[PDB]
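Those letters in the sequence shown? Residues 7 to 229, per mature numbering (1 follows the signal peptide of the UniProt record, and there is no 0), in order.
Since the structure comes first, as structure tokens, the remarks are kept for the end.
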Amino acid sequence: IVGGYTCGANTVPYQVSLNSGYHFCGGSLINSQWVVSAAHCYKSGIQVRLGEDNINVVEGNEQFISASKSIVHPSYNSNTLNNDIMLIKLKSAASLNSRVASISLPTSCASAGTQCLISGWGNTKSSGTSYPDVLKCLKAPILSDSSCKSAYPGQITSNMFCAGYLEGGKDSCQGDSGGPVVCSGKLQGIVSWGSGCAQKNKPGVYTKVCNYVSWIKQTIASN
Ligand SMILES: [Ca+2]
Numbered sequence: 007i008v009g010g011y012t013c014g015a016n017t018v019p020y021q022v023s024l025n026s027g028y029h030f031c032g033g034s035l036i037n038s039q040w041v042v043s044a045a046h047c048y049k050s051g052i053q054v055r056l057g058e059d060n061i062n063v064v065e066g067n068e069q070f071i072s073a074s075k076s077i078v079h080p081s082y083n084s085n086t087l088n089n090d091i092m093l094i095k096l097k098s099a100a101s102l103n104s105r106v107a108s109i110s111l112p113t114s115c116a117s118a119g120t121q122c123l124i125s126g127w128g129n130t131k132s133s134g135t136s137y138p139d140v141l142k143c144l145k146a147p148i149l150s151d152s153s154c155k156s157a158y159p160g161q162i163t164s165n166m167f168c169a170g171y172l173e174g175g176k177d178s179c180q181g182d183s184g185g186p187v188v189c190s191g192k193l194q195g196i197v198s199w200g201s202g203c204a205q206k207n208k209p210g211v212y213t214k215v216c217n218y219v220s221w222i223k224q225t226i227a228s229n
């Protein structure tokens, strides 16, 4: 996250870290046994780490559970990143309390102007790299689809939305991928892509979760 602030330990209880020997992507806990992340974060041998603040220190609230299965969206296109969403089922259910909790899926899509919370352990610099050990947060508004398509001509589909600052300076970045974009207590987006990080007129693009609720619900019900 570039230009954000330190969230504070366990203040984002649905945030998960996907680990394959190291942290490589974020995700969101939607119920005790399922996590949603970005399809581009797919790989085999994933361990989901919940209750984390410092990913390099066991502080006491962590739950490390391996994934039993991953399901990438049937129409995921890795060249365009259209339908960039995946579901991960945990081998056992996590124990939910105040520091580890699930986030609700949305009943309606959010509108441009809505302020959201984006979090993750990704890069904090727009040029160069510096990866934080504790969770960073950023409050950003969803931008109009017109502004979004104008910043990324020929690249935004109906399954994507932009959120951020056209002026630059504040944005999600590499390492934040798969993480949550929560607006009014509902999961509205997943950190997907962008041109660089925090660059002027190149806001972050996010998977529009409201368009996948039926797929999520039907998949969980049958697996
Ligand atoms: Ca830790």
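Quick reminder that beta carbons are idealized off the backbone N, C-alpha and C, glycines included.
Residue i to residue j span [Cα, whole Å]
i      : j      : result
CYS122 : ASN229 : 31 Å
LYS142 : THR12  : 5 Å
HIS79  : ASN62  : 31 Å
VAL188 : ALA169 : 11 Å
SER101 : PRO159 : 44 Å
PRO112 : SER220 : 11 Å
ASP151 : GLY66  : 42 Å
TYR48  : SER117 : 29 Å
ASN16  : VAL22  : 11 Å
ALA227 : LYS95  : 12 Å
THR225 : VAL64  : 33 Å
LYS75  : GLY14  : 31 Å
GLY119 : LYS155 : 16 Å
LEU172 : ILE52  : 35 Å
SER114 : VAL41  : 20 Å
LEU35  : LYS223 : 14 Å
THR130 : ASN60  : 15 Å
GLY126 : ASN85  : 24 Å
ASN165 : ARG105 : 31 Å
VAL197 : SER153 : 18 Å
First through last residue of the beta strand (DSSP E) which encompasses residue i
i      : result
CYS31  : 29 to 37
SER125 : 121 to 126
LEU87  : Unbroken run through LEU87: none, as it is neither H nor E.
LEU56  : 53 to 56
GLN21  : 21 to 25
Which residues DSSP lists as bridging residue i, in chain order
i      : result
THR12  : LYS142
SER43  : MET92
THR213 : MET166, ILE196
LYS208 : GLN205
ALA73  : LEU96
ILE109 : Partner(s): none; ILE109 has no beta bridge.
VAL187 : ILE124, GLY195
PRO147 : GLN121
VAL78  : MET92
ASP177 : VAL8
Element boundaries [alpha helix (DSSP H), containing residue i]
i      : result
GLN224 : 219 to 227
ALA157 : 151 to 157
Residue environment, residue i, which counts as buried when at least 16 other CB atoms sit within 10 Å
i      : result
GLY175 : exposed
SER190 : exposed
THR135 : exposed
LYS97  : exposed
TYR28  : exposed
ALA146 : buried
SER133 : exposed
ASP177 : buried
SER43  : buried
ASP90  : buried
| Shell residues, 6 Å Cβ cut-off relative to heavy atoms of ligand 1 | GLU58, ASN60, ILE61, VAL63, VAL64, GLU65, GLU68
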